[PDB]
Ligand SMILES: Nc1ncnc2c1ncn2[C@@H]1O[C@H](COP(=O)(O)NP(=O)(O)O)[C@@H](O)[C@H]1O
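A single chain comes next, written as structure tokens; it is the form deposited without this ligand.
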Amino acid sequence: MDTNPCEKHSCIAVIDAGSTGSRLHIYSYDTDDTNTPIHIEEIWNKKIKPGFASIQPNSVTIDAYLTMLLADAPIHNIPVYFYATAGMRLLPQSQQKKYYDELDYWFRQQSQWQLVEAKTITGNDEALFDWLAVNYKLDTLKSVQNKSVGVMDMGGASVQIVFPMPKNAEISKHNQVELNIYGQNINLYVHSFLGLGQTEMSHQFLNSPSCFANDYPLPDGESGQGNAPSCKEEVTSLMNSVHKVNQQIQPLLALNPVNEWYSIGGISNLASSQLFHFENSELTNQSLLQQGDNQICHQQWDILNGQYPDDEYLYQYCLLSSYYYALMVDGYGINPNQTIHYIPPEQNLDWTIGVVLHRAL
């Protein structure tokens, strides 16, 4: 990396304003003969909490939040994309508008950042960016691939799934995108399920004893009595009886098999706990469920809590192990012995590189 990279390369700021927080990235890049970005490098990264949709939509609060997010960035005279996702999607447009009107005013009132867009993106655009970010990192975009790469983004309020699929006139146009990039034409199926991200879905199960370690104090005063297969069947009812995940996804995956699954988001954080034993930054659903059942669901909460003092979300690990299996195996139809790659959690990889690659007409 150069010293003062934005004096030597194009630069853009992309903010991922998700349900749990907002993450600013500044990327430097060069461009190829078609003015498409190459050599994308992250030169700055800053996350603040809580989610933008969780703060009071008044000037003082929104102005303090943007200042906290942006003021200490090393370069400011660059284009900014502020893209909010599932936290903002939980709100009606009239409520979202209060946030964007105040944010727009804050950018208009300063003279360095160059706001391009500030908006709630759809889950479908977000899934496209999920797939572009991962495949950019895997270096599979420049040449036509012989294997199909699927991507899952496991967020706090939505989950996305995205994989190659030829155009299909029986499927909504909203769930398909024809990507042109580096001279190749890519057709993807995209889907986002709102309410199935980990925070939203956990709020359906907090008094389920099967979903928590033995003797964990549940909110209404009963005790955990963990059992991952039982917990998983409860979560599967939300996936398939309420949201119809398997009816929508499985027939398409059977017709368009994915050779390599990659995930970003929450799986990385769970699977990296010392409670688990994985190698090569990959897991299978059967191993995740078995290890969460043995190591967490069937262990005593006070012992776990004292033994893993730096696992902030330890109390949900039995639930999360069970939920990931419900979503991937019972929802998407992925075999429980299929390898799922997870991007190493130190990378904090999100969908933002997708915006660098896709934003131009």
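One rule holds for the numbers: they count along the sequence shown, beginning at 1.
There is another form of the same protein, the form deposited with this ligand bound; it is not shown, and what comes next is about it.
157 is the sole member of 249, 133, 157, 190 with a non-hydrogen atom within 4.5 Å of this ligand in the entry with it bound. Only one of 304, 334, 320, 26 lies close to this ligand in the entry with it bound, with a heavy atom inside 4.5 Å, and it is 320. The stretch from 181-189, 220-228, 143-151, 197-205 that comes within 4.5 Å of this ligand in the entry with it bound, counting heavy atoms only, is 197-205. Using a 4.5 Å cutoff between non-hydrogen atoms, residue 325 does not count as a contact of this ligand in the entry with it bound. In the entry with it bound, residue 270 approaches this ligand with a heavy atom inside 4.5 Å.
Contact annotation for residue 352: none of its heavy atoms lies within 4.5 Å of this ligand in the entry with it bound. Although the partner is absent here, residue 162 sits far enough away that none of its heavy atoms falls within 4.5 Å of this ligand in the entry with it bound. Contact residues in stretch 20-52 (any heavy atom within 4.5 Å of this ligand, taken in the entry with it bound) are 20, 21, 23.
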